[PDB]
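# Examination of the molecular architecture
The lines below spell out each chain.
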Amino acid sequence: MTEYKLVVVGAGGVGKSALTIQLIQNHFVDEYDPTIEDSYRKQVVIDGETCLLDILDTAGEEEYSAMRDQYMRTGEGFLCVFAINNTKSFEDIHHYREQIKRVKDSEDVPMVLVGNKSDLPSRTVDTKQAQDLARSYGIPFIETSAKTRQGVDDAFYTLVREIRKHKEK
Ligand SMILES: Nc1nc2c(ncn2[C@@H]2O[C@H](COP(=O)(O)OP(=O)(O)CP(=O)(O)O)[C@@H](O)[C@H]2O)c(=O)[nH]1
Ligand SMILES: [Mg+2]
C-alpha cells in the first residue's frame, strides 16, 4: 500500500538478479539467463506498514543512455552490490555510487552496500574492508547469499528503512 522504488546496481555477475529472485521466489537461480525480467513487485509488511516494493534489477554493464538514466532516476533507494570473491566488483562500487549521485543529483541518496555470495569460500574481500567503505560513504553494509537467502530480506528491508530516514513515506 505504500510504494517504495528500489534499484539494484553493481558489476555484471555479482548476483543482482539472484538476490531479487530469492526475495521474489524463495529459490536460487543457479545459471545466468540474460533474458530474465528486470522489473519486480513484492508486497511485504515492514515494521507494521504494508509496503509494495517496486524493484528494478539493472544490467551491470549497460552503457550510457538517457533512457537508462531515466529508469534509475525513478529510484528512491539503491542496493549497491558487489561479490565477496570479486575484488573488481568491490572496487567498482565507487563507479556505481558516483553514477547514482549523478543521476539523482544528490549527495544523500538512500543506499545500502551489499556484499553477496557469502556462501562461498576463500573470500577475497574481507568484511572489515566493506565496513570501512560503507563507513566512508555513511551507509550500512550487509552481507548476503542469494543461494541460501541469508541476509537477503535484511538488505531490502534496511534499504526501505533508509528511505524512510530520508523522506516521509
Ligand atoms: N554461490 C553463489 N552464486 C551466486 C550467488 N548469487 C548469484 N550467484 C551466481 O552468480 C552468477 C551471476 O548471477 P546473476 O544474478 O545473474 O548476476 P547479475 O549481477 O544479475 C548479472 P547482470 O548484471 O549481467 O544482469 C549465477 O551463476 C548465479 O547463479 C550467491 O549468493 N552465491
Ligand atoms: Mg542480472
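Method information in the entry identifies X-ray crystallography as the source of the structure, with 1.50 Å recorded as the resolution.

Labelled according to the PDB entry, the protein chain appears under the name Isoform 2B of GTPase KRas, originating from Homo sapiens. For the protein chain, the Sequence similarities comment in UniProt is given as "Belongs to the small GTPase superfamily. Ras family."

Taken together, 21 residues are adjacent to ligand 1, and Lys16, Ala18, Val29, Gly60 and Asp119 come closest. Within the backbone of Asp30, one N or O atom sits 3.1 Å away from an oxygen atom of ligand 1. Between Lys117 and ligand 1, the recorded distance is 3.2 Å, taken from a side-chain N or O atom to an oxygen atom. It is helix α1 (residues 16–25) that provides the largest number of residues to the shell around ligand 1, a total of 3 residues. Looking at the shell around ligand 1, its residues break down into 9 nonpolar, 7 polar and 5 charged.

Conventions and cut-offs
- Along every chain, residue numbers run from 1 in sequence order, not necessarily as the entry numbers them; residues that have no coordinates are omitted.
- The naming scheme follows written order: chains are lettered A onward, ligands numbered 1 onward.
- With hydrogens and water set aside, each side-chain value is computed from the structure's full complement of heavy atoms.
- Residues with missing side-chain atoms are left out of burial classes, side-chain pairs and their counts.
- UniProt positions are given in the numbering used here, feature names are shortened, and annotations may be inferred rather than shown by experiment.
- A molecule or strand has a residue near it when one of that residue's heavy atoms lies within 4 Å.
- Counted as a polar contact is a pair of N or O atoms within 3.5 Å, where, for protein atoms, one must be capable of donating a hydrogen and the other of accepting one, and residues adjacent in sequence contribute only when both atoms are in side chains.
- Labels follow the DSSP assignment, with helices taken as runs of H or I lasting at least four residues and strands as runs of E lasting at least two, numbered in each case from the N terminus.
- All amino acids are sorted into three groups, where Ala, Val, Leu, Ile, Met, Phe, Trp, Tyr, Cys and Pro are nonpolar, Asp, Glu, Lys and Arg are charged, and the leftover types, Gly among them, are polar.

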